Amino acid sequence: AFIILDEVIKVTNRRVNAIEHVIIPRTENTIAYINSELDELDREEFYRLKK
Amino acid sequence: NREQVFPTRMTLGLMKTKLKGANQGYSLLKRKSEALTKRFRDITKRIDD
Amino acid sequence: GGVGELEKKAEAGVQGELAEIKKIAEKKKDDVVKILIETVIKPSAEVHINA
Amino acid sequence: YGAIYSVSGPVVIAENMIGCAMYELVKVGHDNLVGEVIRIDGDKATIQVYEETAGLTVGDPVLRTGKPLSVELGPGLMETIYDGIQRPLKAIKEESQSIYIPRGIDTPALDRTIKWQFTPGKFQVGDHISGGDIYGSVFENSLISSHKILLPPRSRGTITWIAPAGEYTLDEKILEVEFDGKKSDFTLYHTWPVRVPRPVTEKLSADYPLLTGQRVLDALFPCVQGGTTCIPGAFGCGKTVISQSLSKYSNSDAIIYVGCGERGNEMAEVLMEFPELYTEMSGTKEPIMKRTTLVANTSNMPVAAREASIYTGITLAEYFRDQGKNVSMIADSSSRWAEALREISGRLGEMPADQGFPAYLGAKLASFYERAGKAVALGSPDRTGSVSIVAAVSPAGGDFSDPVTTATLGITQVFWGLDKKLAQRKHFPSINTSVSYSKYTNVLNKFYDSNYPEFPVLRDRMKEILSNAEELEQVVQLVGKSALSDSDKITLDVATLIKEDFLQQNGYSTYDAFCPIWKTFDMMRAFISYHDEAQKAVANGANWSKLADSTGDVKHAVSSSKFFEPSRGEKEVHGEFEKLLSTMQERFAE
Amino acid sequence: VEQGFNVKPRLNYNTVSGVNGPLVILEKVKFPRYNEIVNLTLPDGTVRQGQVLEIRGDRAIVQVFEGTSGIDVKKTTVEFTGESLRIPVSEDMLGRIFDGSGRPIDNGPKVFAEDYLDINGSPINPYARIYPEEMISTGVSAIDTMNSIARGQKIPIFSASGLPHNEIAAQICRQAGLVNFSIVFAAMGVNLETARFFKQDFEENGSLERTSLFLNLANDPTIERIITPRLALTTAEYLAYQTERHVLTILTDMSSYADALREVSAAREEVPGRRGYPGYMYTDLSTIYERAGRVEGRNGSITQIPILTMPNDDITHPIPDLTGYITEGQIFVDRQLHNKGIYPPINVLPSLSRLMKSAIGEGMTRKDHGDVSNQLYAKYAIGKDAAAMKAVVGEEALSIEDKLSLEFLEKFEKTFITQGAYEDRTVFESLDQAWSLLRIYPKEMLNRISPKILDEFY
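Residues numbered from 1 in each chain as written, not as in the entry; some residues may be left out. Chains lettered and ligands numbered in written order. Part of a larger assembly, values for the part shown. Heavy atoms only, no water. Residues with missing side-chain atoms left out of burial classes, pairs and counts.

By the method listed in its record, cryo-EM, this PDB entry was determined to a resolution of 3.3 Å.

Now the structure itself:
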C-alpha cells in the first residue's frame, strides 16, 4: 500500500505541477493572444466603418 | 508559450472554459495530493511501527 | 357569496366616491368652464423668442 | 452671442461664432447651458453641451465666455463641495430648494455674499508686482488661516491702488495693476484654465515624507510630500480607511478630494463621512472638512464633468501649493475618470488605441501626474509647496489588462496594494506587502539620514524578514512544519509578531489611530532588536522552544509597543521604548 | 400649474424632404426643438408619433415610431408638438398599466395629470443624497437573507437568456415590502406572453394596487423601449420624492434596453463601440440607474432591480460590466441551479449586496441577520467544495465538517433557496429557516457566528 500510494502521489503531484506551470500559463497566454487579436479585428472594423 | 489556435469569438469562450476547467482540475488534484500525502505520513508511521 | 358580498361592499364604497365626484363636478363646472373659455378665446399674440 | 445651427445629441453646431476659441466654454441656449467648443469651421463652431441638450431650438443664443474651462480660485473654496464643472452642490441645493441640479444653473462657484477679512501684503502702491506674488491675506478658517491672495500667474505690472485692510467680498475690487495702461483690476479671486498647469519658478525634488499615520504606509512603502501614489481602490479593501487617514492625520495642510464618477450611494457615503471627521490640532478639535474640498461627482453627472473632475482637483491643489501649503489630492476612481474620457473620445469619434481607450490616455495621465510634485511657488515671497496625488487606480484593482491601470502603475511611484483577501481575513489596513512597493525610499534616504538614521536599514530588514517568512510558509506548506530549522522558525515567529502588532493597525482604536513617525521608528527598532536577539540566541545553540518560553515576557512587552499611546509623544514615549529595548536584551541574555 | 392654462397652436408641416429607414427628414421647419415629440399623419390616415433625432437649419430629422412604412413625401402631414416627451404623473398611476410610450394599455381612462414631468429628469444633487439605511424585504428568501437590498441601493439581477428572471422579478414585485410602498415595474422588450403574464399576475394577486406597470412588448417600437426606463424612473422619482413613499423600481431586460440603445445610436451616423453598443452606453446606464437613491429632505427612497440579462452568460459583456460599474451589487441567476430545478435559481456564491451591512442591522430586520448570512455563505462554499471533492476522494474520506457541509448543501439548495413562486417568506421567517439549517452543525462548528448570537438563537 505504501509503494502504490507513493506512486500515485508522485503522478498526482507531477500532474499538479504540470497543470499549474504549463497548462494554466499556456491557456492564459492563449486567452490574452485571442483577446488581442479580437481587439485588433474590432479596431479594423471600426476603422472601416469610420471610412 | 501559447496554443496555436485560430482566434474567434467562439474560440475565446472555449479557451476560457478550458482555463476554468484546468483551474478546477488543478485545485481538485492538489486536494487529492494533500489527502493522499496525509494518508502517506500515516502509512509511513504504521510501516515504522 | 363572499365575492358577491365583497363586490357589493366595494360598490358601496365606490358609490360614495362617485357621488362626491358628481357633486364637486356640478359645483365647479361653471368655474372651470369659464377658465377654459377665457383661455381659448384670447390667444397670446407673440412671435417666437428665437425670432 | 452666436446662434444655434444644428443639434444632434450633445454635439451642437453654432453659426455666427466669429472670434470663438477652441476648447472655450459657451452658454448654449436660453437656459444658459454651459458647453465647450470642440472644433471651428469658419463661422460655425462645434459645441459639446455639458448638461442635457434636449429642447434646444435653432437660433438660441450662444454667448461666448471668452475663457477655457476655468477654475474659481480664491477664498471660499475650503469647506465647499463641487463637481467637475466646479458648481457648488450645497449652494445649488440652497438656491433651487430641490434635490436635483437644474439645467443651466449659474450659481457662482465661490460665495459672493461672504465678507472676507483682508490684510494687505508687503506690496505697496507703486511697487512692481508679478504673477503669484502674495499681495494680501484672508482669514478663512481655523485650520487654514491666512488664505494668501495671489496675483494671477499670467498677470503682471505696477500697483496703482491696493485695498486697505478690512472686510471684502469676492465681487468688489481689491487691487488695480497698470501694465502699459490700466488694463488690469483684481478682486479677491481669479480664474485659471483647468487644463493648463499653474506655473512655478522651480519644481524641486520631493524629499520630505508624507506621513499618512499608518505604520505600514509610513515605514514599508513611504510616500514623499509631492509624490504620486497608487491604490487599488476596490470596494471592501480599506480605501475608505486610507482616505480618512490622508484626510485627518496626514502632514498635508490642505486636502482636495475628487470622485470623478464614483457611484451615488458612495458619494453619499463620502459626503456624509468627511463632515463628521475631526482632526485634533494645537488649539482644539476642529473638522477635517475645514481643510478639505470635496469634488463630488457621480455617474449621473455629465461625462465632461466626470472627465474634468480630476483636472479641477489638481488645479485646486496647484493653487493651494502656490500659497506655500502642502496639498494631498486623493483621486478616487481614476479608472472612472478614464471611462469618462473614453466616452468623450467615442462621442468625438476619435479612433481607439487600447481596449477602446483613446490614443492620448497615457499622455493625459502622465501630464496629470507630472502636475504634482514639490515646487517653490511663483512670485515673492519664496514660499514652497507640494502637491501629492493619491489615485485609486481602478475598480478593476491592479489589473494590468486595463490600459488605465497599466498607465497609473507605470507613472505613479508608490503602489499600496490593498488586498480583498486580507480585508476578509480581518487584516487592517489590508495592505498586501508582497505586491505593494515604493520607489521613494531612495530619495527619502536623505531625510532619514537627517532625522532617523537607522530607518532605511530597519525597513530593509523587515522587508527581508517578510520575504523569508513567505519562503518559510511555502516550505512549511510543501513539507512538515518541524522540518524547518531553528533560524527559519525564529524568522516565522518574528514575522508573525510583526504582522500581528506592527503591520496590523487598528485605526478605529484610540491608541493606534495615528502612529507618528517617531513611534513607528521606535517600534521598528524594537522589533528588529528582538529579531536580532533571537537570532543571536539561536546562533548560541539554545533551544528555540526554551528561548520562546523564557522570552514570552519580552514578546508581550514588544507587542505592547502598539498599546503605548502616542498622546504623551516625543521623549515621553521615546523614553519608554528605551526601557522596552533594554528589556529585550537583558531578558534575552539570561 | 397656472401656466398650464395656455393654448399653444402647433405647426403642421407638409414639407418632408425625404425618408431614410426609420427617419423622416423635414424641410422649411420654423424653429425645431431637439427631442421634440411629433405626430406624423400618414396618407392612409394613420397617426404616428415621432421624436426628432437631429436638428439643422430649417431641417429636422424626425425618427417616427412604428417605422416609416407608408410615409409619402407628397401628403404626409407632420405636426410639431412644441414640447419634449412628458408623462402626466399623478398619485393615481398606482394601479395602471402603461405602454412603452406612457399610453395606458389598461382598460381605464387616461391618468388625470397632477403634473406633466419631463421623462429625462435632472441629476440628483449628490449633496442632497443620503446613504441607504434600512431594508426593503423581498419575498425571495435567498435575496432577503443573503443579498439584502437596502432602501435606495441599485442591485441588478444577472440572469441568462432562458432563466426565469422575469418570474423572479414578478415574484419580487408581488412580495416586496418594508421590513408607504409603491413598486414601479418596467418591462422592456419582453415577449407578449411575458407581458400578459406580468399583467395577469399583478391583477390577480393584487400587487397592481401599488404598482405602475410599464409594459413594452418585443415588437413595440425601439424608441419606445428606450423611453420606457425614463418613464418608469420619472414615475418613481415622483412618487418617492414628491409623495414620500419607498418605490423599488424594477426594470427588466436591460439587455433589451441596450439593444434598443444600439438601434437608436445607429439610426444616426454614430460608429458602434466595443460590441456594437455606443461608447456612451455607460452614461445612459448611469443616468437610468442613478435616477434612484435616497435623498435628504424627502422621506422616500428609490431602489432598483434592473433584472439584467447576459447575452451569452458572459460577465465580461459590456452591458453586465457597465451595469456592475454603476450599480451596487449583483444577484446571479444560475443555469446550473435552474437545470437542477431550484426556484429561484439564484446562485449565492457570486451574488452579493454591496450595502448588505446597512440592510442587515439591529433595528431593521433582526440582530442575527449579518452573522447568519456570513455563516450561511461560508458553509455553502464549503458544501460546494466538499461536493467537488467527494467524487475525488470518496465520501468516506471527507471530514466530519465536510459530511455535515454536504448535508447542509442539500438542505440549503433544496429547502432554503428552493422557494415556491407564490409563498412569501418574511425576513424573520427566512432567518428562522436559516437557523434551522445551521442547527445541524454543532455550536462549535459555526465559526462566523458571534458567541452571543449563538447563545441567543442556536
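### Description of the overall build of chain D
For chain D, the helix and strand inventory stands at 15 helices and 32 strands. Taken over the C-alpha trace, chain D has a radius of gyration of 27 Å; the compact-globule value for 590 residues is 25 Å, and the two agree within 12%. Of the contacts made within chain D by residues no fewer than 6 positions apart, 70% connect residues no fewer than 24 positions apart. (Helix = DSSP H or I, 4+ residues; strand = E, 2+ residues; numbered from the N terminus. Rg over C-alpha atoms; globule rule 2.2 N^0.38 Å. Contact = heavy atoms within 4.5 Å.)

### Overview of the overall build of chain A
Looking only at helices and strands, one finds one helix and zero strands in chain A. Each of the three principal axes of chain A carries a C-alpha extent, and together these read 70 × 10 × 5 Å.

### Observations regarding helix α3 (residues 192-205) of chain E
When the terminal C-alpha atoms of α3(E) are compared, their 20 Å separation across 14 residues agrees well with the 20 Å that a helix rising 1.5 Å per residue should span. A positive phi of about 80° marks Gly206(E), the residue just after α3(E). (Expected span 1.5 Å × (residues − 1).)

### Re the interface of chain D and chain E
Contact residues are listed per partner, giving 43 residues for chain D and 46 residues for chain E. Looking at the side of chain D that touches chain E, the elements with two or more residues in it are β1 (2-8), α1 (89-96), α4 (264-273), α5 (303-322) and α6 (334-348) of chain D. Of all the elements, α4(D) adds the most residues to the side of chain D that touches chain E, at six residues. Of the residues contributing to the side of chain D that touches chain E, the split by class is 20 nonpolar, 14 polar and nine charged. (Nonpolar A, V, L, I, M, F, W, Y, C, P; charged D, E, K, R; others polar.)

### Considering unusual backbone geometry
Residue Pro381(D) follows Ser380(D) across a cis peptide bond; omega there is 0°. In the segment running from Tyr343(E) into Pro344(E), the intervening peptide bond is cis, with an omega of -5°. Of note, the phi angle at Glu244(E) is positive, near 65°, even though the residue is not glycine. Structurally, the position occupied by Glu244(E) is in the loop between α4 (222-243) and β17 (249-252).

### Remarks on the sheet that holds strand β14 (residues 166-168) of chain D
Residues and elements named next belong to chain D. The four strands are arranged β12-β11-β9-β14 in an open sheet whose pairing can be described as antiparallel. Looking at which strands have only one partner, the edges of the open sheet turn out to be β12 (147-150) and β14. Taken pair by pair, the neighbouring strands of this sheet meet at an average axis angle of 40°, ignoring direction. Examined bridge by bridge, strand β11 (residues 134-138) and β12 share four bridges and lie antiparallel to one another. By the bridge assignment for β12, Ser137 is matched with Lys148. (Pairing = 2+ DSSP bridges. Axes fitted to C-alpha atoms, helices over the stretch in contact; angles between N-to-C directions.)

### Some remarks on the sheet that holds strand β16 (residues 211-217) of chain E
Residue and element names in this part refer to chain E. Strand order in the open sheet formed by four strands is β9-β16-β15-β17, and the pairing between neighbours is parallel. Two strands bound the open sheet, and with one partner strand each, they are β9 (96-98) and β17. Adjacent strand axes in the sheet meet at a mean angle of 10°, parallel and antiparallel pairs treated alike. Here helix α5 (residues 254-267) sits on the sheet and contacts β15 (183-190) and β17; the angle it forms with β15, its principal contact strand, is near 60°.

### As for the arrangement of the chains
Looking across the seven pairs of chains in contact, one finds the most contacts between chains D and E. Note that chain A does not reach chain C: the shortest distance linking a C-alpha of one to a C-alpha of the other is 36 Å. Contact between chain B and chain D is absent, and the least distance between their C-alpha atoms amounts to 10 Å.

### Digging into the packing of aromatic side chains
Here the distance between the centres and the angle between the planes together describe a pair of aromatic rings. With centroids separated by 5.5 Å and ring planes inclined at 25°, the aromatic side chains of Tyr452(D) and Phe521(D) adopt a geometry described as stacked. Residue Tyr452(D) is found in the loop between α10 (441-450) and α11 (455-478), and its partner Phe521(D) is found in helix α13 (residues 517-539); the two are separated by 69 residues along the sequence. One aromatic cluster in this structure is built from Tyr208(D), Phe447(D), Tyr448(D), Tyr452(D), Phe455(D) and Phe521(D). Over the ring of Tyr360(D) we find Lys364(D), and its NZ or CZ is 4.6 Å from the ring centre. Its end group placed over the ring of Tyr441(E), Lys379(E) keeps NZ or CZ at 5.6 Å from the ring centre. (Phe/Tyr/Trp six-rings, centres within 6.5 Å; stacked < 30°, edge-to-face > 60°. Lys NZ or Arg CZ within 6 Å of the ring centre and 35° of its normal.)

### Observations concerning the pattern of salt bridges
In this structure, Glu72(D) and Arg112(D) form a salt bridge, with 3.6 Å as the shortest nitrogen-oxygen distance. You can see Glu72(D) sitting in strand β7 (residues 70-73) and its partner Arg112(D) sitting in the loop between α1 and β9 (116-120), a full 40 residues away along the chain. Of the charged contacts in the structure, one is a salt bridge between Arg366(E) and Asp368(E), with a shortest N-O distance of 2.6 Å. Through salt bridges with shared partners, a single ionic network connects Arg198(D), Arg321(D) and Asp322(D). (Salt bridge = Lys/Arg side-chain N within 4 Å of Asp/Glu carboxyl O.)

### Some words on the side chain of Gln330(E)
Residue and element names in this part refer to chain E. With respect to the helices and strands, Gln330 occurs in strand β20 (residues 329-333). Within polar-contact distance, the side chain of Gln330 engages the backbone oxygen of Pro350 at 2.8 Å. When residues no more than four places from it in sequence are discounted, the contact partners of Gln330 are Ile155, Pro156, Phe158, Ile315, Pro350, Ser351 and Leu352. (Polar contact = N/O pair within 3.5 Å; in protein donor to acceptor, adjacent residues only side chain to side chain.)

### Here we look at the packing of α11(D) against α13(D)
Residue and element names in this part refer to chain D. Between α11 and α13, the least distance of the axes is 10 Å, while the angle of their chain directions is 55°. One finds that α11 runs oblique with respect to α13. The interaxial crossing formed by α11 with α13 has left-handed handedness. Contacts between α11 and α13 involve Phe455, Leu458, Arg459, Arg461, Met462 and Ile465 from the former and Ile517, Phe521, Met524, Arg525, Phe527, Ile528 and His531 from the latter. Residue classes in the contact of α11 with α13 are distributed as nine nonpolar, one polar and three charged. (Parallel < 35°, antiparallel > 145°, perpendicular 65-115°, else oblique. Left-handed = near helix turned anticlockwise from the far one by under 90°.)

### Some words on the environment of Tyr377(E)
Residue and element names in this part refer to chain E. Its location among the elements puts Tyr377 in helix α10 (residues 369-393). In sequence terms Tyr377 and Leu404 are 27 residues apart; their C-alpha atoms lie 15 Å from each other. Excluding residues within four positions of it along the chain, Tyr377 makes contact with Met146, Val348 and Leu349. A distance of 2.8 Å separates the side chain of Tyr377 from the backbone oxygen of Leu349, its partner in a polar contact.

### What about the domain arrangement of chain D?
Domain assignment breaks chain D into domain 1 (1-69), domain 2 (70-113 + 187-438), domain 3 (114-186) and domain 4 (439-590). Centre-to-centre separation of domain 3 of chain D and domain 4 of chain D, based on C-alpha positions: 54 Å. (Domains from an automatic or database assignment.)

### Observations regarding the environment of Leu352(E)
Residue and element names in this part refer to chain E. Here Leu352 is to be found in strand β21 (residues 346-353). A sequence separation of 92 residues divides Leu352 from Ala260, and the C-alpha atoms of the two residues are 28 Å apart. In this structure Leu352 touches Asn147, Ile155, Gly329 and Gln330, once residues within four positions along its chain are discounted.

### Regarding the packing of helix α1 (residues 2-50) of chain A against helix α1 (residues 9-48) of chain B
Helix packing for two helices is described by the angle between their axes and how far apart those axes are. Running from amino to carboxyl end, α1(A) crosses α1(B) at an angle of 160°, the nearest separation of the two axes being 8 Å. It follows from the interaxial angle that α1(A) and α1(B) lie roughly antiparallel. Crossing of α1(A) against α1(B): the hand is left-handed. The residue makeup of the contact of α1(A) with α1(B), split by class, is 21 nonpolar, 10 polar and nine charged.

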